[PDB]
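Given as structure tokens, the chain that follows is alone and in the form deposited in one PDB entry.
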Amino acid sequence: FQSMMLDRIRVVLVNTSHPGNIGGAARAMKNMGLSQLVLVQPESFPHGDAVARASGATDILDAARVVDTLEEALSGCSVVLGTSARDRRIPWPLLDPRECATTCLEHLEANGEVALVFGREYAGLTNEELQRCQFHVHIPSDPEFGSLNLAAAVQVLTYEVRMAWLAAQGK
């Protein structure tokens, strides 16, 4: 199963401070066909704001796994891609969201499990967290005002994943 492939994209939110962003991320995942959410040390979860921003994606919140470390969140993944909003001076392969989606599909088609890792509001992932990833993904943005809202960033990546998944089906 085709739609079922999308369940093997593991969205990992690292140390999210605003519970509204957890809900927003779940909504962004559900409206692209994704469903697997993992939270590393969220600051406030469960929370009413996550439920409200999920706007019906409460199934994803209820099935979300909450873990103490990024290592636990990445267990069993065939590849890990971390997002970066700025030059991090780490020489890892740097992908745009379209290239990220191509890499994701390649793994999903090979029965892999892909982690897409998002960091804290503003600060992003730490260097150590980025070093744990095999690829870095950057959403091209205005360098004068470069970091997107966490849920909006999840939406951009999940949208590209769905665009690649549709294209592979001749759709």
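Under this definition, the rigid core comprises the largest set of C-alpha atoms superposing within 1.5 Å between the forms. Start at 1 and count along the sequence shown; that's the residue number.
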May I ask you to compare 40-48 and 98-106 by their mean CA B factor in the entry and name the higher one? 40-48
Averaging the C-alpha B factors as listed in the entry, name the stretch that ends up higher: 118-126 or 25-33. 118-126
For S17, return the chain-relative third of its C-alpha B-factor as stated in the PDB record: lowest, middle or highest. middle
What third of the chain does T83 rank in for C-alpha temperature factor, lowest, middle or highest? lowest
Chain-relative CA temperature factor third for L148: highest
Which third, lowest, middle or highest, does the CA B-factor of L61 fall in along this chain? middle
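Only in words, not in the display: the form deposited in another entry, which the text now covers.
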Aligning on the rigid core, do we see the C-alpha of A85 shift 2 angstroms or more between this form and the one not shown? yes
In the other form the CA atoms of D87 and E71, compared with here and shifted by at least 3 Å, lie closer
Check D68 against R86 at the C-alpha atoms and report closer or farther in the other form, compared with the shown form; the change is 3 Å or more. closer
